[PDB]
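Engineer: The structure is given below, and queries will be raised subsequently.
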Amino acid sequence: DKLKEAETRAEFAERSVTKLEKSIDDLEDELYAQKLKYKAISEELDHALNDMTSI
Amino acid sequence: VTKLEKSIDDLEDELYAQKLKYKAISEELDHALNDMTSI
């Protein structure tokens, strides 16, 4: 009896971990996409502040 | 822009200097053409 209970709950904990792991990979990927989409606009920036201080 | 603005002020100033350095030689001129037509 202790068994049916330990196993059923293990299955629910595993379903919840795979759900949360799937949501961590989407946020961490949406991420390097944001973190990188920036190095580009902040670098396009030191550049686009340097040429008008020069022109 | 700061480079070209600096070059516009130097040319515009070199300018009123040229434009004025002349009124003087063109006026020294109507004069220095009139006396030899007279002599």
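Chain B uses Swiss-Prot numbers throughout; the residues present, in order, are 246-284.
Cβ coordinates are placed from backbone N, Cα and C, and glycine is handled just like the others.
As annotated in Swiss-Prot:
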MOD_RES   B:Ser252  phosphoserine
MOD_RES   B:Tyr261  phosphotyrosine
MOD_RES   B:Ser271  phosphoserine
MOD_RES   B:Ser283  phosphoserine
Engineer: What is the number of other Cβ atoms found within 10 Å of the Cβ of B:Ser283 (phosphoserine)?
Structural biologist: 6
Engineer: Enter the number of other CB atoms within 10 angstroms of the CB of B:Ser271 (phosphoserine).
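Structural biologist: A 10 Å sphere around the Cβ of B:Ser271 (phosphoserine) contains 9 other Cβ atoms.
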Engineer: Go through the modified residues B:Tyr261, B:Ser271, B:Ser283 and tell me which ones have a CA within 10 A of the CA of B:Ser252 (phosphoserine).
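Structural biologist: Near B:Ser252 (phosphoserine) by Cα: none of them.
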Engineer: With Cβ-Cβ distance below 8 Å and at least 6 positions apart along the chain, what are the contacts of B:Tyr261 (phosphotyrosine)? List them in sequence order.
Structural biologist: none
Engineer: Just to verify a number: CA distance, B:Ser271 (phosphoserine) to B:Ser283 (phosphoserine), in angstrom, no decimals.
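Structural biologist: Pair distance, Cα basis, whole Å: 19 Å.
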